[PDB]
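What follows is the content of input_17.pdb, which has PDB, C-alpha atoms and all ligand atoms:
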ATOM      1  CA  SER A   1      11.120 -12.631 -25.287
ATOM      2  CA  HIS A   2      11.081 -11.746 -21.590
ATOM      3  CA  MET A   3      10.807 -14.513 -18.975
ATOM      4  CA  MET A   4       7.314 -14.852 -17.453
ATOM      5  CA  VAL A   5       6.660 -16.956 -14.393
ATOM      6  CA  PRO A   6       3.476 -19.064 -14.814
ATOM      7  CA  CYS A   7       0.598 -18.724 -12.367
ATOM      8  CA  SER A   8       0.820 -21.856 -10.224
ATOM      9  CA  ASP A   9      -2.575 -21.294  -8.507
ATOM     10  CA  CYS A  10      -4.621 -20.764 -11.695
ATOM     11  CA  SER A  11      -7.208 -22.617 -13.721
ATOM     12  CA  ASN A  12      -9.826 -21.710 -16.337
ATOM     13  CA  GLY A  13      -7.414 -19.114 -17.722
ATOM     14  CA  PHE A  14      -6.367 -16.652 -15.030
ATOM     15  CA  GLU A  15      -8.804 -17.721 -12.258
ATOM     16  CA  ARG A  16      -6.401 -17.620  -9.296
ATOM     17  CA  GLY A  17      -7.032 -19.262  -5.929
ATOM     18  CA  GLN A  18     -10.156 -20.620  -4.321
ATOM     19  CA  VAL A  19     -13.575 -18.916  -4.352
ATOM     20  CA  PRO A  20     -13.765 -16.778  -1.191
ATOM     21  CA  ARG A  21     -16.583 -16.098   1.240
ATOM     22  CA  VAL A  22     -17.996 -12.575   1.288
ATOM     23  CA  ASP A  23     -16.512 -12.013   4.751
ATOM     24  CA  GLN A  24     -13.061 -12.747   3.316
ATOM     25  CA  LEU A  25     -13.634 -10.149   0.593
ATOM     26  CA  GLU A  26     -14.669  -7.656   3.322
ATOM     27  CA  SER A  27     -11.538  -8.392   5.397
ATOM     28  CA  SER A  28      -8.520  -6.120   5.188
ATOM     29  CA  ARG A  29      -6.428  -8.860   3.478
ATOM     30  CA  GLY A  30      -6.915 -11.686   1.034
ATOM     31  CA  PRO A  31      -5.062 -15.001   0.979
ATOM     32  CA  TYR A  32      -1.566 -13.818  -0.065
ATOM     33  CA  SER A  33       1.189 -12.101   1.889
ATOM     34  CA  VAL A  34       1.962  -8.550   0.744
ATOM     35  CA  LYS A  35       5.534  -7.492  -0.022
ATOM     36  CA  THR A  36       6.497  -3.961  -1.028
ATOM     37  CA  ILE A  37       9.028  -2.019  -3.047
ATOM     38  CA  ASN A  38       9.515   1.719  -2.558
ATOM     39  CA  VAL A  39       9.607   3.737  -5.772
ATOM     40  CA  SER A  40      11.351   7.095  -5.452
ATOM     41  CA  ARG A  41      10.276  10.331  -7.184
ATOM     42  CA  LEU A  42      13.149   9.663  -9.602
ATOM     43  CA  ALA A  43      10.814   7.222 -11.405
ATOM     44  CA  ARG A  44      10.009   8.237 -15.020
ATOM     45  CA  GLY A  45       6.766  10.097 -15.590
ATOM     46  CA  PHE A  46       5.259  10.178 -12.072
ATOM     47  CA  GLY A  47       6.122  11.054  -8.488
ATOM     48  CA  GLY A  48       7.092   7.608  -7.212
ATOM     49  CA  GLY A  49       5.059   5.499  -4.825
ATOM     50  CA  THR A  50       4.907   1.924  -3.618
ATOM     51  CA  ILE A  51       4.677  -1.379  -5.455
ATOM     52  CA  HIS A  52       2.665  -4.018  -3.556
ATOM     53  CA  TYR A  53       2.943  -7.649  -4.716
ATOM     54  CA  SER A  54       2.667 -11.277  -3.603
ATOM     55  CA  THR A  55       4.624 -14.262  -4.967
ATOM     56  CA  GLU A  56       2.904 -17.466  -3.553
ATOM     57  CA  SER A  57       0.721 -17.912  -6.637
ATOM     58  CA  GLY A  58       3.359 -17.324  -9.307
ATOM     59  CA  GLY A  59       3.079 -14.828 -12.138
ATOM     60  CA  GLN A  60       0.686 -13.766 -14.896
ATOM     61  CA  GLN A  61      -0.549 -11.087 -12.465
ATOM     62  CA  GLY A  62      -2.628  -8.118 -13.536
ATOM     63  CA  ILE A  63      -1.159  -4.676 -12.944
ATOM     64  CA  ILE A  64      -3.053  -1.899 -11.159
ATOM     65  CA  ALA A  65      -2.035   1.756 -10.700
ATOM     66  CA  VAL A  66      -3.717   3.991  -8.121
ATOM     67  CA  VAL A  67      -3.585   7.827  -8.060
ATOM     68  CA  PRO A  68      -4.737  10.464  -5.537
ATOM     69  CA  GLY A  69      -6.411  13.878  -5.978
ATOM     70  CA  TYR A  70      -5.523  17.571  -6.038
ATOM     71  CA  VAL A  71      -3.377  18.722  -3.124
ATOM     72  CA  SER A  72      -3.141  15.168  -1.804
ATOM     73  CA  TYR A  73      -0.601  12.364  -1.407
ATOM     74  CA  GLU A  74      -0.354   8.590  -1.832
ATOM     75  CA  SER A  75      -1.690   7.905   1.683
ATOM     76  CA  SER A  76      -5.167   9.007   0.655
ATOM     77  CA  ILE A  77      -5.460   6.030  -1.738
ATOM     78  CA  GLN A  78      -2.808   3.711  -0.386
ATOM     79  CA  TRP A  79      -5.278   1.201   1.138
ATOM     80  CA  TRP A  80      -5.980  -0.204  -2.310
ATOM     81  CA  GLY A  81      -2.329  -1.355  -2.611
ATOM     82  CA  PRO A  82      -2.133  -4.037   0.075
ATOM     83  CA  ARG A  83      -5.857  -4.862  -0.279
ATOM     84  CA  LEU A  84      -5.549  -5.775  -3.969
ATOM     85  CA  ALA A  85      -2.006  -7.184  -3.794
ATOM     86  CA  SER A  86      -3.193  -9.669  -1.171
ATOM     87  CA  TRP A  87      -5.566 -11.017  -3.869
ATOM     88  CA  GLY A  88      -2.885 -11.603  -6.499
ATOM     89  CA  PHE A  89      -2.426  -8.296  -8.340
ATOM     90  CA  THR A  90       0.743  -6.205  -8.629
ATOM     91  CA  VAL A  91      -0.400  -2.771  -7.465
ATOM     92  CA  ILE A  92       1.438   0.542  -7.560
ATOM     93  CA  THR A  93       0.080   3.388  -5.471
ATOM     94  CA  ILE A  94       1.555   6.731  -6.550
ATOM     95  CA  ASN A  95       2.383  10.297  -5.798
ATOM     96  CA  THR A  96       2.027  12.711  -8.682
ATOM     97  CA  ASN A  97       4.770  14.895 -10.154
ATOM     98  CA  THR A  98       3.176  17.783  -8.310
ATOM     99  CA  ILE A  99       0.158  17.879  -6.059
ATOM    100  CA  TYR A 100      -1.420  20.509  -8.379
ATOM    101  CA  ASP A 101      -1.516  18.226 -11.423
ATOM    102  CA  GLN A 102      -4.843  18.218 -13.341
ATOM    103  CA  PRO A 103      -6.897  15.177 -14.474
ATOM    104  CA  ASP A 104      -5.417  14.663 -17.946
ATOM    105  CA  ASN A 105      -1.888  14.950 -16.481
ATOM    106  CA  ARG A 106      -2.888  12.398 -13.772
ATOM    107  CA  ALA A 107      -4.081  10.063 -16.612
ATOM    108  CA  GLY A 108      -0.613  10.179 -18.161
ATOM    109  CA  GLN A 109       0.967   9.476 -14.781
ATOM    110  CA  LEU A 110      -1.236   6.400 -14.254
ATOM    111  CA  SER A 111      -0.032   5.255 -17.687
ATOM    112  CA  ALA A 112       3.600   5.946 -16.768
ATOM    113  CA  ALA A 113       3.190   4.009 -13.497
ATOM    114  CA  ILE A 114       1.785   0.976 -15.329
ATOM    115  CA  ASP A 115       4.729   1.162 -17.735
ATOM    116  CA  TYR A 116       7.173   1.443 -14.812
ATOM    117  CA  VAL A 117       5.830  -1.815 -13.399
ATOM    118  CA  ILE A 118       6.063  -3.492 -16.815
ATOM    119  CA  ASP A 119       9.659  -2.282 -17.146
ATOM    120  CA  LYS A 120      10.570  -3.601 -13.675
ATOM    121  CA  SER A 121       9.015  -6.950 -14.554
ATOM    122  CA  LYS A 122      11.702  -7.222 -17.283
ATOM    123  CA  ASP A 123      14.531  -6.317 -14.860
ATOM    124  CA  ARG A 124      16.338  -9.458 -13.607
ATOM    125  CA  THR A 125      17.272  -7.540 -10.394
ATOM    126  CA  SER A 126      13.682  -6.712  -9.471
ATOM    127  CA  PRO A 127      11.600  -8.849  -7.076
ATOM    128  CA  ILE A 128       8.756  -8.618  -9.631
ATOM    129  CA  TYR A 129      10.849 -10.033 -12.517
ATOM    130  CA  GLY A 130       8.487 -12.114 -14.589
ATOM    131  CA  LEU A 131       5.550 -11.710 -12.226
ATOM    132  CA  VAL A 132       3.144  -9.624 -14.337
ATOM    133  CA  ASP A 133       0.991  -9.885 -17.466
ATOM    134  CA  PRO A 134       1.492  -6.551 -19.289
ATOM    135  CA  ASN A 135      -1.670  -7.277 -21.265
ATOM    136  CA  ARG A 136      -3.972  -7.054 -18.166
ATOM    137  CA  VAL A 137      -4.076  -3.655 -16.463
ATOM    138  CA  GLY A 138      -6.372  -1.553 -14.302
ATOM    139  CA  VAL A 139      -6.501   1.857 -12.728
ATOM    140  CA  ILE A 140      -8.047   3.453  -9.651
ATOM    141  CA  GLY A 141      -8.135   7.162  -8.859
ATOM    142  CA  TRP A 142      -9.599   9.638  -6.396
ATOM    143  CA  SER A 143     -11.094  13.025  -7.304
ATOM    144  CA  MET A 144      -9.099  14.602 -10.157
ATOM    145  CA  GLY A 145      -7.299  11.236 -10.181
ATOM    146  CA  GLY A 146     -10.695   9.567 -10.716
ATOM    147  CA  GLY A 147     -11.274  11.890 -13.681
ATOM    148  CA  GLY A 148      -7.821  10.896 -14.876
ATOM    149  CA  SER A 149      -8.658   7.203 -14.573
ATOM    150  CA  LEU A 150     -11.723   7.655 -16.858
ATOM    151  CA  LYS A 151      -9.644   9.757 -19.312
ATOM    152  CA  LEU A 152      -6.926   7.106 -19.514
ATOM    153  CA  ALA A 153      -9.527   4.448 -20.433
ATOM    154  CA  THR A 154     -10.261   6.479 -23.540
ATOM    155  CA  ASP A 155      -6.520   6.642 -24.545
ATOM    156  CA  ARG A 156      -5.194   3.174 -23.645
ATOM    157  CA  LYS A 157      -6.564  -0.397 -23.460
ATOM    158  CA  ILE A 158      -7.557  -0.692 -19.815
ATOM    159  CA  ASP A 159      -9.210  -3.844 -18.444
ATOM    160  CA  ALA A 160     -10.873  -2.200 -15.395
ATOM    161  CA  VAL A 161     -11.354   1.262 -13.907
ATOM    162  CA  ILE A 162     -12.375   2.352 -10.401
ATOM    163  CA  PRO A 163     -12.927   6.144 -10.188
ATOM    164  CA  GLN A 164     -13.673   7.156  -6.587
ATOM    165  CA  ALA A 165     -15.385  10.509  -5.960
ATOM    166  CA  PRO A 166     -14.271  11.409  -9.508
ATOM    167  CA  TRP A 167     -14.007  14.985 -10.755
ATOM    168  CA  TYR A 168     -13.687  15.973 -14.441
ATOM    169  CA  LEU A 169     -14.456  19.248 -16.219
ATOM    170  CA  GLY A 170     -14.912  19.785 -19.931
ATOM    171  CA  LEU A 171     -15.146  17.773 -23.102
ATOM    172  CA  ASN A 172     -14.715  14.045 -22.668
ATOM    173  CA  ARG A 173     -14.924  10.707 -24.522
ATOM    174  CA  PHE A 174     -16.703   8.944 -21.618
ATOM    175  CA  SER A 175     -19.565   8.104 -24.023
ATOM    176  CA  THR A 176     -17.133   5.630 -25.682
ATOM    177  CA  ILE A 177     -15.512   3.932 -22.657
ATOM    178  CA  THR A 178     -15.273   0.144 -23.141
ATOM    179  CA  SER A 179     -13.358  -0.600 -19.918
ATOM    180  CA  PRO A 180     -15.471  -2.130 -17.105
ATOM    181  CA  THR A 181     -15.918   0.821 -14.726
ATOM    182  CA  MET A 182     -17.019   0.821 -11.108
ATOM    183  CA  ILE A 183     -17.623   4.402  -9.953
ATOM    184  CA  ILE A 184     -17.549   4.939  -6.191
ATOM    185  CA  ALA A 185     -19.616   7.982  -5.304
ATOM    186  CA  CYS A 186     -19.906   9.875  -1.994
ATOM    187  CA  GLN A 187     -23.518  10.939  -1.546
ATOM    188  CA  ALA A 188     -22.937  14.266   0.292
ATOM    189  CA  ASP A 189     -19.886  15.242  -1.777
ATOM    190  CA  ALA A 190     -19.592  19.049  -1.922
ATOM    191  CA  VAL A 191     -16.305  19.080  -3.852
ATOM    192  CA  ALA A 192     -17.267  16.830  -6.796
ATOM    193  CA  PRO A 193     -21.069  16.778  -6.400
ATOM    194  CA  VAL A 194     -22.383  13.430  -7.653
ATOM    195  CA  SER A 195     -25.116  15.163  -9.685
ATOM    196  CA  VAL A 196     -22.420  16.913 -11.724
ATOM    197  CA  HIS A 197     -19.589  14.353 -11.689
ATOM    198  CA  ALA A 198     -19.915  10.706 -10.558
ATOM    199  CA  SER A 199     -23.569  10.093 -11.521
ATOM    200  CA  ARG A 200     -23.252  11.917 -14.879
ATOM    201  CA  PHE A 201     -20.134   9.945 -15.766
ATOM    202  CA  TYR A 202     -21.836   6.618 -14.894
ATOM    203  CA  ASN A 203     -24.754   7.570 -17.080
ATOM    204  CA  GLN A 204     -22.495   8.451 -20.028
ATOM    205  CA  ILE A 205     -20.743   5.104 -20.272
ATOM    206  CA  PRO A 206     -22.031   2.675 -22.972
ATOM    207  CA  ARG A 207     -24.802   0.269 -21.867
ATOM    208  CA  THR A 208     -22.713  -2.637 -23.171
ATOM    209  CA  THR A 209     -19.702  -1.702 -21.034
ATOM    210  CA  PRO A 210     -19.920  -3.400 -17.616
ATOM    211  CA  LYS A 211     -20.429  -0.725 -15.017
ATOM    212  CA  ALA A 212     -21.480  -0.020 -11.461
ATOM    213  CA  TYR A 213     -22.331   3.007  -9.307
ATOM    214  CA  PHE A 214     -21.602   2.408  -5.610
ATOM    215  CA  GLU A 215     -22.793   5.420  -3.570
ATOM    216  CA  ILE A 216     -21.828   5.701   0.086
ATOM    217  CA  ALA A 217     -24.622   7.200   2.196
ATOM    218  CA  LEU A 218     -23.783  10.625   3.672
ATOM    219  CA  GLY A 219     -20.275  10.418   2.321
ATOM    220  CA  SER A 220     -17.996  13.437   2.029
ATOM    221  CA  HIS A 221     -15.546  13.807  -0.848
ATOM    222  CA  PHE A 222     -13.088  11.733   1.274
ATOM    223  CA  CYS A 223     -15.486   8.825   1.823
ATOM    224  CA  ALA A 224     -13.495   6.200  -0.115
ATOM    225  CA  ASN A 225     -10.045   7.094   1.241
ATOM    226  CA  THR A 226      -7.659   5.177   3.445
ATOM    227  CA  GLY A 227      -9.014   4.747   6.952
ATOM    228  CA  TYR A 228     -12.597   5.732   6.170
ATOM    229  CA  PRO A 229     -15.416   3.573   7.474
ATOM    230  CA  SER A 230     -16.410   1.847   4.206
ATOM    231  CA  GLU A 231     -13.026   0.222   3.403
ATOM    232  CA  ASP A 232     -14.651  -3.123   4.158
ATOM    233  CA  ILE A 233     -17.480  -2.915   1.611
ATOM    234  CA  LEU A 234     -15.760  -0.756  -0.972
ATOM    235  CA  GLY A 235     -12.798  -3.136  -0.955
ATOM    236  CA  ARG A 236     -15.148  -6.169  -1.253
ATOM    237  CA  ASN A 237     -16.636  -4.776  -4.447
ATOM    238  CA  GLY A 238     -13.271  -3.471  -5.717
ATOM    239  CA  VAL A 239     -11.496  -6.791  -5.255
ATOM    240  CA  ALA A 240     -14.426  -8.537  -6.973
ATOM    241  CA  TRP A 241     -14.333  -5.979  -9.782
ATOM    242  CA  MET A 242     -10.628  -6.499 -10.431
ATOM    243  CA  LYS A 243     -10.949 -10.272 -10.168
ATOM    244  CA  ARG A 244     -13.906 -10.258 -12.609
ATOM    245  CA  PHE A 245     -12.490  -7.798 -15.159
ATOM    246  CA  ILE A 246      -8.707  -7.974 -14.905
ATOM    247  CA  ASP A 247      -8.507 -11.718 -14.277
ATOM    248  CA  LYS A 248     -11.681 -12.385 -16.321
ATOM    249  CA  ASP A 249     -12.682 -14.552 -13.344
ATOM    250  CA  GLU A 250     -16.389 -15.217 -13.657
ATOM    251  CA  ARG A 251     -16.536 -16.869 -10.237
ATOM    252  CA  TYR A 252     -16.660 -13.263  -8.937
ATOM    253  CA  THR A 253     -19.784 -12.097 -10.816
ATOM    254  CA  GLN A 254     -21.840 -13.560  -7.925
ATOM    255  CA  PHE A 255     -20.368 -10.926  -5.542
ATOM    256  CA  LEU A 256     -21.331  -8.036  -7.832
ATOM    257  CA  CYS A 257     -24.784  -8.969  -9.142
ATOM    258  CA  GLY A 258     -28.206  -9.497  -7.605
ATOM    259  CA  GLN A 259     -27.054  -8.188  -4.217
ATOM    260  CA  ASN A 260     -29.453  -5.214  -3.657
ATOM    261  CA  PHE A 261     -26.538  -3.421  -1.989
ATOM    262  CA  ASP A 262     -28.543  -0.271  -1.260
ATOM    263  CA  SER A 263     -30.774  -2.168   1.191
ATOM    264  CA  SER A 264     -27.980  -1.308   3.696
ATOM    265  CA  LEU A 265     -28.207   2.040   5.467
ATOM    266  CA  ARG A 266     -24.472   2.510   4.506
ATOM    267  CA  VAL A 267     -25.186   2.465   0.770
ATOM    268  CA  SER A 268     -27.492   5.189  -0.484
ATOM    269  CA  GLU A 269     -27.650   3.943  -4.081
ATOM    270  CA  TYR A 270     -26.255   1.065  -6.138
ATOM    271  CA  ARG A 271     -26.649   0.892  -9.930
ATOM    272  CA  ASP A 272     -25.419  -1.782 -12.308
ATOM    273  CA  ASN A 273     -25.907  -3.267 -15.743
ATOM    274  CA  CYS A 274     -25.273  -6.844 -14.593
ATOM    275  CA  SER A 275     -27.148  -8.370 -17.505
ATOM    276  CA  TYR A 276     -24.163  -7.170 -19.686
ATOM    277  CA  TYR A 277     -21.416  -8.713 -17.428
TER     278      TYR A 277
HETATM  279 CL    CL B 301     -17.346  17.045   0.766
HETATM  280 NA    NA B 302       9.516  11.341 -11.333
HETATM  281 NA    NA B 303     -29.490   2.303   1.643
END

Can you present the structure in this file as structure tokens?
Ligand SMILES: [Cl-]
Ligand code: NA
Ligand code: NA
Amino acid sequence: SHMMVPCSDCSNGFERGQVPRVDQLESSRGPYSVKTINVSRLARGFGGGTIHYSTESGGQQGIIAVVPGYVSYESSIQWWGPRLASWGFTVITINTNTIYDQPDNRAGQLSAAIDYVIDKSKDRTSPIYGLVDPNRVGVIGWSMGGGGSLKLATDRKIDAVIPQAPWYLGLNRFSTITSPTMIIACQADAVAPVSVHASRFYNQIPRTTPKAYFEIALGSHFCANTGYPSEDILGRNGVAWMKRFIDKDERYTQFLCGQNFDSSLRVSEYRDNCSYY
């Protein structure tokens, strides 16, 4: 076997840390200090990126890979890295092999990036040696990368998916997705119109699969990217989503359900099937 460091801040399975306040979830950082490892483009199967991780709480950490869109780089999605790592996930934000790569290719690169992290967790020279649980993985993607994230869920066992402003064209198996999926939609999107992409994909996913549709009022296609004005609230729901579905931490259902999120002028629509969480 490979050495795995126990979680030393866990109970009730993988429930890590204390229950936060909503304002803590909305903050730019959770309770843990974020460390980073640069991954060069020489990495197998993707264009490199950055591993974000924390060590205070020990191991058994879920793994998350995050991918950008067409003609875009890691910075567009990088905010998810430190945000989620600060809550006890090992998170790799990536560049793609080329910026022109299409959704199904981006799905394979998310898969490769997960596997890269797993491989490093078995490498005695890596800071993340023994830190991760290869059995608990999630993905996040923007635009064509969001399409890729949904595609990957149909090809690999994925514990949680966050497609943001997703774009996908053609035949798909989204009608069979069993991974808990939180779609972030940008209301005014002219690149991946929600009526064609995000909303349709949400509606396809099985009723028994936990899901959410978080639509940012007036948002452009870029509305969920690094530095945009909804990092606070998108990150609140995203951290809760990954806690609930990667860590199986049911203390976090309260942050996702019964909230009437679209009462805020910032949120044009919120859908969920909370009765199936
Ligand atoms: Cl747009
Ligand atoms: Na590479
Ligand atoms: Na609203």

Sorted by chain and rising residue number, list the residues of chain A at most 7 Å from ligand CL 301 (chain B) (counting only C-alpha atoms and all ligand atoms), each with its closest atom pair and distance in Å to one decimal, as CSV.
residue,atom,partner,partner_atom,distance
A:188,CA,B:CL301,CL,6.3
A:189,CA,B:CL301,CL,4.0
A:190,CA,B:CL301,CL,4.0
A:191,CA,B:CL301,CL,5.2
A:220,CA,B:CL301,CL,3.9
A:221,CA,B:CL301,CL,4.0
A:222,CA,B:CL301,CL,6.8

Between chain A and ligand NA 303 (chain B), at 8 Å or less, what are the per-residue closest atom pairs and their distances in Å? Count only C-alpha atoms and all ligand atoms, order by chain and rising residue number, and return it as JSON lines.
{"residue": "A:217", "atom": "CA", "partner": "B:NA303", "partner_atom": "NA", "distance": 6.9}
{"residue": "A:261", "atom": "CA", "partner": "B:NA303", "partner_atom": "NA", "distance": 7.4}
{"residue": "A:262", "atom": "CA", "partner": "B:NA303", "partner_atom": "NA", "distance": 4.0}
{"residue": "A:263", "atom": "CA", "partner": "B:NA303", "partner_atom": "NA", "distance": 4.7}
{"residue": "A:264", "atom": "CA", "partner": "B:NA303", "partner_atom": "NA", "distance": 4.4}
{"residue": "A:265", "atom": "CA", "partner": "B:NA303", "partner_atom": "NA", "distance": 4.0}
{"residue": "A:266", "atom": "CA", "partner": "B:NA303", "partner_atom": "NA", "distance": 5.8}
{"residue": "A:267", "atom": "CA", "partner": "B:NA303", "partner_atom": "NA", "distance": 4.4}
{"residue": "A:268", "atom": "CA", "partner": "B:NA303", "partner_atom": "NA", "distance": 4.1}
{"residue": "A:269", "atom": "CA", "partner": "B:NA303", "partner_atom": "NA", "distance": 6.2}

Worksheet item: Pick from A:238, A:227, A:138, A:130: nearest to residue A:78, with all atoms listed in the file counted?
Response: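 Among A:238, A:227, A:138, A:130, it is A:227 that comes nearest to residue A:78.
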
Mind telling me what the PyMOL selection byres (((chain A and resi 108) around 12) and not hetatm) catches here, as an mmCIF file with C-alpha atoms, in the frame of the given file?
data_model
loop_
_atom_site.group_PDB
_atom_site.id
_atom_site.type_symbol
_atom_site.label_atom_id
_atom_site.label_comp_id
_atom_site.auth_asym_id
_atom_site.auth_seq_id
_atom_site.Cartn_x
_atom_site.Cartn_y
_atom_site.Cartn_z
ATOM 1 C CA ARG A 44 10.009 8.237 -15.020
ATOM 2 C CA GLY A 45 6.766 10.097 -15.590
ATOM 3 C CA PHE A 46 5.259 10.178 -12.072
ATOM 4 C CA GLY A 47 6.122 11.054 -8.488
ATOM 5 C CA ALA A 65 -2.035 1.756 -10.700
ATOM 6 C CA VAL A 67 -3.585 7.827 -8.060
ATOM 7 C CA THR A 96 2.027 12.711 -8.682
ATOM 8 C CA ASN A 97 4.770 14.895 -10.154
ATOM 9 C CA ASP A 101 -1.516 18.226 -11.423
ATOM 10 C CA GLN A 102 -4.843 18.218 -13.341
ATOM 11 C CA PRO A 103 -6.897 15.177 -14.474
ATOM 12 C CA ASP A 104 -5.417 14.663 -17.946
ATOM 13 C CA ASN A 105 -1.888 14.950 -16.481
ATOM 14 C CA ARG A 106 -2.888 12.398 -13.772
ATOM 15 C CA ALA A 107 -4.081 10.063 -16.612
ATOM 16 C CA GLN A 109 0.967 9.476 -14.781
ATOM 17 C CA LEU A 110 -1.236 6.400 -14.254
ATOM 18 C CA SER A 111 -0.032 5.255 -17.687
ATOM 19 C CA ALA A 112 3.600 5.946 -16.768
ATOM 20 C CA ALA A 113 3.190 4.009 -13.497
ATOM 21 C CA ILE A 114 1.785 0.976 -15.329
ATOM 22 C CA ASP A 115 4.729 1.162 -17.735
ATOM 23 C CA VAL A 139 -6.501 1.857 -12.728
ATOM 24 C CA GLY A 145 -7.299 11.236 -10.181
ATOM 25 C CA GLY A 147 -11.274 11.890 -13.681
ATOM 26 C CA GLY A 148 -7.821 10.896 -14.876
ATOM 27 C CA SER A 149 -8.658 7.203 -14.573
ATOM 28 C CA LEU A 150 -11.723 7.655 -16.858
ATOM 29 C CA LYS A 151 -9.644 9.757 -19.312
ATOM 30 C CA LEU A 152 -6.926 7.106 -19.514
ATOM 31 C CA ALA A 153 -9.527 4.448 -20.433
ATOM 32 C CA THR A 154 -10.261 6.479 -23.540
ATOM 33 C CA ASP A 155 -6.520 6.642 -24.545
ATOM 34 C CA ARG A 156 -5.194 3.174 -23.645
#

Show me, as a list in words, the residues that have an atom within 12 Å of residue A:12 when counting only C-alpha atoms, minus same-chain residues fewer than 5 positions from it.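 Those residues are residues 7, 17, 247, 248, 249, 250 and 251 of chain A.
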
request  = Run the PyMOL selection byres (((chain A and resi 60) around 10) and not hetatm) mentally over the shown coordinates, then write out the matched residues as a VMD selection string, using the chain letters and numbers from the document.
outcome  = chain A and resid 4 to 8 10 14 16 57 to 59 61 to 63 88 to 90 130 to 136 247

Between A:158, A:192, A:256, A:43, which has the minimum distance to residue A:236 (counting only C-alpha atoms)?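 Among the listed residues, A:256 lies closest to residue A:236.
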
Worksheet entry | Two-atom distance - atom CA of residue A:94, atom CA of residue A:49 (Å) |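 Those two atoms sit 4.1 Å apart.
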
Test item: the PyMOL selection byres (((chain A and resi 197) around 10) and not hetatm) resolved as a PDB file with C-alpha atoms, keeping the file's coordinate frame:
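Result saved to result_26.pdb:
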ATOM      1  CA  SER A 143     -11.094  13.025  -7.304  1.00  0.00           C
ATOM      2  CA  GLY A 147     -11.274  11.890 -13.681  1.00  0.00           C
ATOM      3  CA  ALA A 165     -15.385  10.509  -5.960  1.00  0.00           C
ATOM      4  CA  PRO A 166     -14.271  11.409  -9.508  1.00  0.00           C
ATOM      5  CA  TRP A 167     -14.007  14.985 -10.755  1.00  0.00           C
ATOM      6  CA  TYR A 168     -13.687  15.973 -14.441  1.00  0.00           C
ATOM      7  CA  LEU A 169     -14.456  19.248 -16.219  1.00  0.00           C
ATOM      8  CA  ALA A 185     -19.616   7.982  -5.304  1.00  0.00           C
ATOM      9  CA  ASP A 189     -19.886  15.242  -1.777  1.00  0.00           C
ATOM     10  CA  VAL A 191     -16.305  19.080  -3.852  1.00  0.00           C
ATOM     11  CA  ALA A 192     -17.267  16.830  -6.796  1.00  0.00           C
ATOM     12  CA  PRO A 193     -21.069  16.778  -6.400  1.00  0.00           C
ATOM     13  CA  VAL A 194     -22.383  13.430  -7.653  1.00  0.00           C
ATOM     14  CA  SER A 195     -25.116  15.163  -9.685  1.00  0.00           C
ATOM     15  CA  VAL A 196     -22.420  16.913 -11.724  1.00  0.00           C
ATOM     16  CA  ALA A 198     -19.915  10.706 -10.558  1.00  0.00           C
ATOM     17  CA  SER A 199     -23.569  10.093 -11.521  1.00  0.00           C
ATOM     18  CA  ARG A 200     -23.252  11.917 -14.879  1.00  0.00           C
ATOM     19  CA  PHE A 201     -20.134   9.945 -15.766  1.00  0.00           C
ATOM     20  CA  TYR A 202     -21.836   6.618 -14.894  1.00  0.00           C
TER      21      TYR A 202
END

message = For a quick check of understanding, using only C-alpha atoms and all ligand atoms, which of A:3, A:39, A:22, A:71 has the smallest distance to ligand NA 302 (chain B)?
response =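 Smallest distance to ligand NA 302 (chain B) is found for A:39.
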
Note to self: If we count all atoms listed in the file and set the cut-off at 6 Å, which residues sit around residue A:54, ignoring sequence neighbours fewer than 5 positions away in its own chain? Please answer as a PyMOL selection string.
What the structure shows: chain A and resi 33-35

**Prompt:** At what distance in Å, to one decimal, does atom CA of residue A:128 lie from atom CA of residue A:79?
**Reply:**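 Interatomic distance, atom CA of residue A:79 to atom CA of residue A:128: 20.2 Å.
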
Shortest interatomic distance to ligand NA 302 (chain B) - which of A:203, A:164, A:98, A:226, counting only C-alpha atoms and all ligand atoms: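 Checking each of A:203, A:164, A:98, A:226 against ligand NA 302 (chain B), counting only C-alpha atoms and all ligand atoms, the winner is A:98.
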
Counting all atoms listed in the file, the residue among A:42, A:259, A:178, A:37 that lies closest to ligand NA 302 (chain B) is A:42
